[PDB]
Amino acid sequence: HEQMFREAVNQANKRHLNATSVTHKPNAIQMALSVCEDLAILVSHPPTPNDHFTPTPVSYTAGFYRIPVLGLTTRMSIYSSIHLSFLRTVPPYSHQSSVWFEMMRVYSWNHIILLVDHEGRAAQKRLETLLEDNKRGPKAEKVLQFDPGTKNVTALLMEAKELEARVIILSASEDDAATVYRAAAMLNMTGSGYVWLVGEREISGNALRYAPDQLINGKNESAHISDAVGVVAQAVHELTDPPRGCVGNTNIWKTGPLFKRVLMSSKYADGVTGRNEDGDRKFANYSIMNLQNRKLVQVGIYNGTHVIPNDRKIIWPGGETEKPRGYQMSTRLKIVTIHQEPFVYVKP
Amino acid sequence: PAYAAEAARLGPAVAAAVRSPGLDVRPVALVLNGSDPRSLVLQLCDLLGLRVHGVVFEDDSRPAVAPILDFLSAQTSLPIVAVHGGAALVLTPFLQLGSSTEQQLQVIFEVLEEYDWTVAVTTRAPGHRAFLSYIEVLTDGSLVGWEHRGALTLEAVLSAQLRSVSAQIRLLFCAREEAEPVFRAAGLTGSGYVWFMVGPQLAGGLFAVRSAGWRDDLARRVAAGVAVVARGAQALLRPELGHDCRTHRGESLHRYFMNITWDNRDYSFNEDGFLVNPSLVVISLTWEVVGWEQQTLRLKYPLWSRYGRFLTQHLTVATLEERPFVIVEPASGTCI
Ligand SMILES: *[C@@H]1O[C@H](CO)[C@@H](O)[C@H](O)[C@H]1NC(C)=O
């Protein structure tokens with residue numbers, strides 16, 4: 001995958017002392033050693049990572065050279081540092097679940113549990129922080145913190161079912177999502193009063209999750225390369241230049257954070273995918289789906305704070321498929337007891 | 001060091017025989033730095049047959065090398081360490097060096113407890129979340145907590161901010177480059193304020209916390225490294241991914257090495273590479289041994305005054321145990 005990069009470098013000079021290039025090495029050790037001697041981070045291309053953390057080492061080396069490259073084939077970026085304020089446009093999993101509660105805050109429910117590994121911890125803490133009449137989901141009852149890959153996790157579904165409501169939320173690896181979905185049929189056949197919400201990839205990798213209910217440029221990376229490189233274009237410093245010497249230069253380019261700061265400050269100056277904080281983008285819009293039949297119709301105008309549903313609004317649960325009422329009350333109750341003559345007389 | 005390694009080749013190697021329950025081998029940890037980090041890992045893996053019992057060598061003045069070490073370990077399942085003199089915190093998917101930010105925070109709060117002070121500071125926020133949250137959680141006590149305001153880093157704005165708090169004793173942590181603005185700025189550097197910074201670590205360049213071996217030289221560092229290696233080997237007795245650089249991805253950490261104490265020091269770490277029940281001391285520069293181990297209390301200079309009055313509010317007050325008006329009864333634990 002290099003034609004896209006070649007076009008990008010061709011289009012690099014659109015608005016206006018070289019244009020960078022890279023060679024996509026599958027593994028990382030040779031890519032790591034070639035990162036600097038090959039040539040802030042003009043090229044930040046993860047070619048096609050078939051692994052998870054493989055895009056990390058070259059970015060770490062660039063940070064060691066003070067070059068906050070922008071991650072492209074990244075969806076769950078556990079960087080928020082171990083790296084050095086690496087740039088990033090595509091929002092991570094951090095707020096990918098946040099949008100839910102606001103939607104849930106106005107769409108259908110008030111108190112729906114949510115489910116979990118570090119990415120899960122970050123997501124849950126961000127969600128509970130986002131929520132600062134009142135309401136609360138798992139914070140009302142509980143949130144799981146489990147180990148990925150734990151098959152036959154039945155007590156989890158069992159304890160989930162016995163709570164007041166059936167509305168649930170989760171975000172985990174593909175295998176974990178599949179296992180929880182399969183258990184859903186077990187442990188009281190979760191549904192007909194339950195909900196689901198996960199990252200678009202989780203639905204995509206969800207071979208067997210029917211009742212469960214996405215992206216802007218993920219898996220395509222087509223129309224956003226241009227605006228990405230354009231955003232770099234204005235990075236040119238006005239006031240040293242970005243040094244290109246790897247061997248014999250053990251110090252650090254003091255310019256690096258100096259202009260990384262303004263790179264962070266830089267905003268707008270683009271269109272489409274273009275238009276924050278540290279290595280992240282504060283704006284994005286996403287859709288949803290209901291998983292009707294075997295089709296995951298990615299229908300939704302969630303678009304952050306502004307939601308515009310349509311087109312068969314929803315058939316949420318696999319058992320009911322009708323309008324989801326939401327919160328469910330309880331009938332059975334457990335009651336305390338203390339021994340005392342006024343109103344507590346106990347005999348064999 | 002350079003030729004010092006040759007000396008370290010003999011003594012520390014001999015130190016292995018000090019505690020060598022049938023150690024297979026521990027020849028040398030050759031530096032061969034060549035003054036370059038780019039290919040340092042290259043030759044590290046090149047030298048990395050017959051696996052390696054483990055060699056540690058790393059020392060760079062002023063610690064952003066850990067991620068490269070982590071990647072090297074992953075790419076070769078290497079559990080070896082490199083340095084002890086320089087260290088820093090990192091949470092990545094081996095890495096074992098003396099450092100504990102939370103230990104520093106708890107130690108300074110302990111010192112405050114027995115030194116009777118009320119800390120509303122903030123410096124440039126490099127990883128501010130960790131230290132700030134640690135302070136906030138430790139605020140949920142019963143004695144301290146009056147000073148909780150926060151601050152921010154970058155000159156006039158900084159002067160106004162630092163003058164908006166005062167509150168006598170204050171302490172903040174940040175990088176040295178950002179630290180200097182403290183002396184640069186409202187110039188309220190009154191003697192009635194002692195400051196402690198954990199973030200920067202390193203050393204002066206007052207009172208602050210440092211590692212037990214901070215005063216000690218590289219000899220104790222190599223001794224600790226070889227002791228850790230021996231403990232790991234003993235645990236293994238109950239493969240570094242072939243040490244190939246040219247399974248799809250190894251996955252393990254601290255499989256055998258759990259914890260041990262040597263040289264009267266608990267040379268142990270958590271699964272998160274955290275210094276478990278470590279030993280650290282405190283500095284005193286106009287340094288001095290001011291500061292702690294075994295989860296216990298250590299403090300010299302048992303002072304009862306505070307060098308205070310930097311503002312005539314504490315007045316010498318005394319009397320006799322009359323009884324009708326002066327009650328003196330035994331307190332362990334705390335007073336009523
Ligand atoms: C970058 O420089 C090299 C040699 O310095 C040159 O061959 C190459 O064409 C330059 N890049 C572009 C896009 O012109």
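Our numbering is plain: 1 for the first residue shown, then up by one each step along the chain.
This deposition comes from electron microscopy, 4.2 Å.
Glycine is treated like the rest: Cβ placed from N, Cα and C.
The N-linked glycosylation site feature in Swiss-Prot is assigned to A:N18, A:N152, A:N188, A:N220, A:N285, A:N303. Per Swiss-Prot, disulfide bond is recorded for A:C36-A:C246.
Taking the features listed in Swiss-Prot, we show where each one sits on the structure.
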| residue | record | DSSP (3 states) |
| --- | --- | --- |
| A:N18 | N-linked glycosylation site | coil |
| A:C36 | disulfide bond | helix |
| A:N152 | N-linked glycosylation site | coil |
| A:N188 | N-linked glycosylation site | helix |
| A:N220 | N-linked glycosylation site | coil |
| A:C246 | disulfide bond | coil |
| A:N285 | N-linked glycosylation site | coil |
| A:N303 | N-linked glycosylation site | coil |
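Within 10 Å of the Cβ of A:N152 (N-linked glycosylation site) there are 8 other Cβ atoms, across all protein chains. Taking A:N18, A:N220, A:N303 as the candidate glycosylation sites, the subset whose CB lies under 6 angstroms from any atom of ligand 1 consists of A:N18. Ranking the recorded positions A:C36, A:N220, A:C246 by the distance of their Cα atoms from the Cα of A:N152 (N-linked glycosylation site) places A:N220 first. There are 13 other CB atoms within 10 A of the CB of A:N303 (N-linked glycosylation site), with all protein chains counted. Counting only the Cα atoms, the space from A:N303 (N-linked glycosylation site) to A:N188 (N-linked glycosylation site) is about 34 angstrom. A:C36 (disulfide bond) sits 36 Å from A:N285 (N-linked glycosylation site), taking the C-alpha atoms as the reference points. When the C-alpha distances from A:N220 (N-linked glycosylation site) to the recorded positions A:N18, A:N188, A:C246, A:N285 are tabulated, the minimum falls on A:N285.
Annotated pair A:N188 (N-linked glycosylation site) and A:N285 (N-linked glycosylation site), C-alpha to C-alpha distance, rounded: 35 Å. For chain B, the nearby glycosylation sites by a Cβ gap under 8 A number none, drawn from A:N18, A:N152, A:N188, A:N220, A:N285, A:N303.
Between the candidate glycosylation sites, A:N18, A:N188, A:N220, the densest Cβ environment within 10 Å is the one around A:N188. Rounded to a whole number, the distance between the Cα atoms of A:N18 (N-linked glycosylation site) and A:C246 (disulfide bond) is 18 Å. On the backbone, the CA of A:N18 (N-linked glycosylation site) and the CA of A:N285 (N-linked glycosylation site) stand 35 Å apart.
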